[PDB]
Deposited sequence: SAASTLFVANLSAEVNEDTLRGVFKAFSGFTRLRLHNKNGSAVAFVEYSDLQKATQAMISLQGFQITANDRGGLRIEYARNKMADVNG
């Protein structure tokens, strides 16, 4: 089953391709969605299974495309990315 990650601390100017380049570098990358609301943006990144998602989350934690200090803040998403 595909496991989705939640990514915070993103600048509003970051590209979808740019962000893809960050996460596609890790094994099991399936798809990414970049969402914006009022200010800064967040992202949902899907991997082929949990182990690859965990592996990527640990590795990219605090990755320096950000607003605040600390770099990227990544969590497990509360829900899986919808099918299709």
Unmodelled spans of the deposited chain sequence come out as 1, 66, 87 to 88
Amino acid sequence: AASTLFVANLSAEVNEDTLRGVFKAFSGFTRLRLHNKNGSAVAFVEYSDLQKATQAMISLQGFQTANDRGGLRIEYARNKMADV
From here on, numbers count along this sequence of modelled residues.
Of 55 to 63 and 28 to 36, the stretch whose C-alpha atoms average the higher B-factor in the entry:
28 to 36
On the chain's distribution of Cα B-factors, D17 falls within the third called middle
How does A43 rank on Cα B-factor within its chain, lowest, middle or highest third?
lowest
